[PDB]
Amino acid sequence: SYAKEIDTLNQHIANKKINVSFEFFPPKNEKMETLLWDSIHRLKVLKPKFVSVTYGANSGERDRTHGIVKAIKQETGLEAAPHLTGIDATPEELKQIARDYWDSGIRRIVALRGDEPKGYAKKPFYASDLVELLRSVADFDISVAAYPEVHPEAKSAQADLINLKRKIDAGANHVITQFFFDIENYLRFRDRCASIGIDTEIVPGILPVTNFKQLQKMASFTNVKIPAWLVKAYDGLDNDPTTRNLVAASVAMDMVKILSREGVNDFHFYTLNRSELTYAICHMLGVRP
Amino acid sequence: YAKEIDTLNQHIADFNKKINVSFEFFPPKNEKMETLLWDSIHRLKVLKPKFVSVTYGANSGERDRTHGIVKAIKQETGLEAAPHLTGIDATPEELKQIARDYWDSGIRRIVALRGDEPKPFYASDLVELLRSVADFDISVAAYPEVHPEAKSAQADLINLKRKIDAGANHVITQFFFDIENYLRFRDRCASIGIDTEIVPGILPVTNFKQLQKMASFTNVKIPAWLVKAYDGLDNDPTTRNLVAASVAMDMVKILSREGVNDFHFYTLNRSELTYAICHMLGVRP
Ligand SMILES: Cc1cc2nc3c(=O)[nH]c(=O)nc-3n(C[C@H](O)[C@H](O)[C@H](O)COP(=O)(O)OP(=O)(O)OC[C@H]3O[C@@H](n4cnc5c(N)ncnc54)[C@H](O)[C@@H]3O)c2cc1C
Ligand SMILES: Cc1cc2nc3c(=O)[nH]c(=O)nc-3n(C[C@H](O)[C@H](O)[C@H](O)COP(=O)(O)OP(=O)(O)OC[C@H]3O[C@@H](n4cnc5c(N)ncnc54)[C@H](O)[C@@H]3O)c2cc1C
């Protein structure tokens, strides 16, 4: 029965050093700037492995990422990783960014391709190229993106998995997944990563669902399937944030309990600059002050 | 394991089976508590519960107060409201007066319990008594982890069957956290021939100090994992509500999968967790 195997899984979660990383995005107003620093001081007591700050491809808010990453190291002492994108800049520009990050104190970069505006011919620049360039400059710990449900522009699922191995070969040593809700398809993909020869954990990116209409927006660009029961679980909650936050805690803690049973001990949270759900999920993981 | 919680969630979202829920409130003892109670009632009423119910402080003498909340709920909302009644502090004739007056209000369901004096009068005796006044639907208490004063599990079970044969037709459990034990208890009730649902009393754990208090009187066991899940959260209401959501909705998803379509919520006069738990079951405005 289900009763005996949720009581075992609760007690297993009740000895392993779990590692957690938090992703923040650069804010754009004084409301969101305050929401972000609230979250940073709340979450720091869990001693995360690192925290990261996303990067506006062509948003012009490229300079905001670098300043936050410096301020986090300053005022909290957490290791902070900028994300960095390729399509926006020339190699000289990227080598200068990388050089200054390294002389700054930054040891981990999250290296991504970025997306061209919708409808644009793609530039023959890819993430493996940014990884090679970053390793030209210094010994960066480098984190790259994996797509358990295949990246929407990939030639094939085979080619996208070969690409991930290619990014590891170029020198990336940390892997973070796109968010997902099919836990079984993540596990299967994780094993394919061990088959091809990738030796770091395929670290799951956990996205707490606090606004469903926003999730429908994000998940359309990205090819991740939204299960039917999740759509049902959120119908009628458009003006009920309190219920949304509770439905979300159960969903995310279910995920994270199940990944933990299957031997995932590394979690990357898309906090969207809020702290409520990430703190509680970590808490239920045993990641506590 | 993963396909286990995925098909679990897709049976909770696919079941068109009518799920009967009911909410328990307690009589407020100040102005704050009263505002809280009435916002809960107006927030939970849209979900169309089978009934709502209002507890009774045995020796308190607040029985006029329990009766007052009940009449008020029926007038303001339309809900079927059910009083809790205890026969431990009242003479039998008083109890018959209380029942006739309840019946002329339009009350049709009474939750009938012994209560505890701080008398050889048991709950099956109050059930016989109510039933001689009128054709009440009567709900009674069941104890999956044995009532602390029973000599034995089998005797506490024989007792519960005595209350059914005495005229009751609804069963509501003390709260619990060992679900496998609840399921084995419901099997025994089936065997010994009780023909109503053994309806789970769901208690959302919004405050673990309060739960520690309620659970000492009651011989109800707190799992080691439940203590762990609340360690360090004395001053974190936000994290406690989120932790409580995951605890309740696992319990309710499993119970629902095993065929239990009837839930009774110990709302503790707050509506946040109950409205969310019902929402996930498919109970919606
Ligand atoms: C954890 C995470 C963090 C992210 N952070 C950011 C961020 O800060 N800013 C931002 O703008 N975006 C960010 N993204 C989004 C990301 O930029 C997009 O998903 C983008 O569309 C792909 O980026 P990539 O780094 O995975 O590129 P790549 O790994 O290069 O792959 C992209 C696509 O190109 C294909 N491909 C790879 N190599 C070749 C080749 N040689 N020839 C042909 N096709 C090839 C792949 O199969 C895939 O379809 C993030 C994504 C994740 C998962
Ligand atoms: C859903 C629910 C609602 C409640 N509401 C209230 C409330 O509003 N107010 C309140 O004060 N309390 C309330 N209680 C608490 C309840 O009154 C206590 O658990 C009380 O100790 C027993 O009540 P009961 O109706 O189950 O009694 P009983 O069914 O009579 O059981 C009491 C004990 O006596 C034993 N027993 C039964 N018959 C006999 C017999 N003939 N000879 C010897 N032993 C016997 C039983 O096995 C049991 O151990 C509630 C409990 C529940 C589960």
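Since every read-out is calculated from the coordinates, none of them should be taken as a lab result. Quick reminder, even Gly has a Cβ in these numbers, built from the backbone with ideal geometry, and neighbours come from all protein chains shown.
Listed residues B:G115, B:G201; which is under 26 Å from B:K50 (Cα atoms), touching a helix residue (DSSP H, G or I) at 6+ places or on another chain (Cβ under 9 Å) and within 9 Å of ligand 2 (Cβ to nearest atom)?
Of the residues listed, the single one that is under 26 Å from B:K50 (Cα atoms), touching a helix residue (DSSP H, G or I) at 6+ places or on another chain (Cβ under 9 Å) and within 9 Å of ligand 2 (Cβ to nearest atom) is B:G115.
Just to be sure before I move on: is A:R113 basic (K, R), within 26 Å of A:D160 (Cβ to Cβ) and buried (at least 19 other Cβ atoms within 10 Å of the Cβ) in the structure I sent?
Judged against the criteria, A:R113 is a match.
Could you check how many residues of region B:186-202 are of a type in the set (S, T, Y) and more than 19 Å from the chain's Cα centre (by Cα)?
Going through region B:186-202 one residue at a time, the tally reaches 1.
Here are A:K28, A:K44: which of them is more than 14 Å from chain B (Cβ to nearest Cβ) and assigned to a loop (DSSP other than H, G, I, E, B)?
Answer to the selection: A:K28.
If B:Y275 meets every condition in (1) facing chain A (nearest Cβ under 7 Å); (2) of a type in the set (F, W, Y); (3) surrounded by fewer than 22 Cβ atoms within 10 Å (Cβ to Cβ) apart from one, which number is that one?
The number of the failed condition is (3).
Return a yes/no flag: does region B:146-159 have any residue that is hydroxyl-bearing (S, T, Y) and within 20 Å of B:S53 (Cβ to Cβ).
no
Can you name every residue in region A:278-289 that is more than 7 Å from chain B (Cβ to nearest Cβ) and within 12 Å of A:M253 (Cβ to Cβ)?
Selection gives A:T278, A:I281, A:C282, A:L285.
Can we say A:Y126 is within 14 Å of another protein chain (Cβ to nearest Cβ) and more than 16 Å from ligand 2 (Cβ to nearest atom)?
In short, no.
Restricting attention to region B:161-172, which residues are near ligand 2 (Cβ under 7 Å from one of its atoms) and either within 14 Å of chain A (Cβ to nearest Cβ) or crowded, with 18+ Cβ neighbours inside 10 Å (or both)?
B:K163, B:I172
Take region A:60-105 and flag every residue that is of a type in the set (V, I, T), within 21 Å of the chain's Cα centre (by Cα) and over 30 Å from A:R42 (Cβ atoms).
A:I87
Could you list, ordered by first residue, the pairs with Cβ atoms under 6 Å in which the first is in region B:90-117 and closer than 20 Å to B:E24 by Cα and the second is assigned to a loop (DSSP other than H, G, I, E, B) and of a type in the set (V, I, T), at least 6 apart or interchain?
Close Cβ pairs (under 6 Å, with a partner that is assigned to a loop (DSSP other than H, G, I, E, B) and of a type in the set (V, I, T)) amount to B:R114/B:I88; B:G115/B:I88.
Just checking, does region B:22-30 include any residue being of a type in the set (D, E) and surrounded by fewer than 19 Cβ atoms within 10 Å (Cβ to Cβ)?
The answer is no, given that none of the residues of region B:22-30 is of a type in the set (D, E) and surrounded by fewer than 19 Cβ atoms within 10 Å (Cβ to Cβ).
Of all residues in region B:173-221 being within 12 Å of chain A (Cβ to nearest Cβ) and closer than 22 Å to B:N241 by Cβ, which is surrounded by the most Cβ atoms within 10 Å (Cβ to Cβ)?
This residue is B:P204.
Pick out the one residue from A:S59, A:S39 that is part of a loop (DSSP other than H, G, I, E, B) and among the polar types (S, T, N, Q).
So the residue among A:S59, A:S39 that is part of a loop (DSSP other than H, G, I, E, B) and among the polar types (S, T, N, Q) is A:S59.
Would region B:125-145 turn up any residue that is buried (at least 19 other Cβ atoms within 10 Å of the Cβ), farther than 29 Å from B:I202 by Cβ, of a type in the set (A, V, I, L, M, F, W, C) and over 20 Å from the mean Cα position of the chain (by Cα)?
yes
Evaluate region A:71-78: report whether one residue or more is part of a helix (DSSP H, G or I), within 14 Å of another protein chain (Cβ to nearest Cβ) and surrounded by fewer than 14 Cβ atoms within 10 Å (Cβ to Cβ).
no
List pairs: first residue in region B:155-167 and over 12 Å from B:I198 (Cα atoms) and of a type in the set (G, A, S), second residue within 11 Å of ligand 2 (Cβ to nearest atom) and part of a helix (DSSP H, G or I) anywhere in the structure, Cβ distance under 6 angstrom, at least six positions apart or on different chains.
B:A166/B:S124; B:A166/B:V127; B:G167/B:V127
Could we say that A:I68 is crowded, with 19+ Cβ neighbours inside 10 Å, away from ligand 1 (no atom under 11 Å from the Cβ) and assigned to a loop (DSSP other than H, G, I, E, B) here?
no
Can you work out which of the residues in region A:222-263 that are more than 10 Å from chain B (Cβ to nearest Cβ) and part of a loop (DSSP other than H, G, I, E, B) is surrounded by the most Cβ atoms within 10 Å (Cβ to Cβ)?
Among residues in region A:222-263 that are more than 10 Å from chain B (Cβ to nearest Cβ) and part of a loop (DSSP other than H, G, I, E, B), the one surrounded by the most Cβ atoms within 10 Å (Cβ to Cβ) is A:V224.
Return the only residue of A:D7, A:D38 being more than 16 Å from ligand 2 (Cβ to nearest atom), within 14 Å of another protein chain (Cβ to nearest Cβ), more than 20 Å from B:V243 (Cα to Cα) and not aromatic (F, W, Y).
Being more than 16 Å from ligand 2 (Cβ to nearest atom), within 14 Å of another protein chain (Cβ to nearest Cβ), more than 20 Å from B:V243 (Cα to Cα) and not aromatic (F, W, Y) holds for just one of A:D7, A:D38, which is A:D38.
Regarding region A:165-180, can at least one residue be identified that is within 9 Å of ligand 1 (Cβ to nearest atom), within 23 Å of A:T54 (Cα to Cα) and out of contact with any helix residue (DSSP H, G or I) (no Cβ under 9 Å at 6 or more places or on another chain)?
Within region A:165-180, one or more residues are within 9 Å of ligand 1 (Cβ to nearest atom), within 23 Å of A:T54 (Cα to Cα) and out of contact with any helix residue (DSSP H, G or I) (no Cβ under 9 Å at 6 or more places or on another chain).
Within the bounds of region A:83-92, is there any residue that is more than 14 Å from chain B (Cβ to nearest Cβ), farther than 20 Å from A:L134 by Cα and away from ligand 2 (no atom under 16 Å from the Cβ)?
Within region A:83-92 (the criterion being more than 14 Å from chain B (Cβ to nearest Cβ), farther than 20 Å from A:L134 by Cα and away from ligand 2 (no atom under 16 Å from the Cβ)), the answer is no, since none of the residues qualifies.
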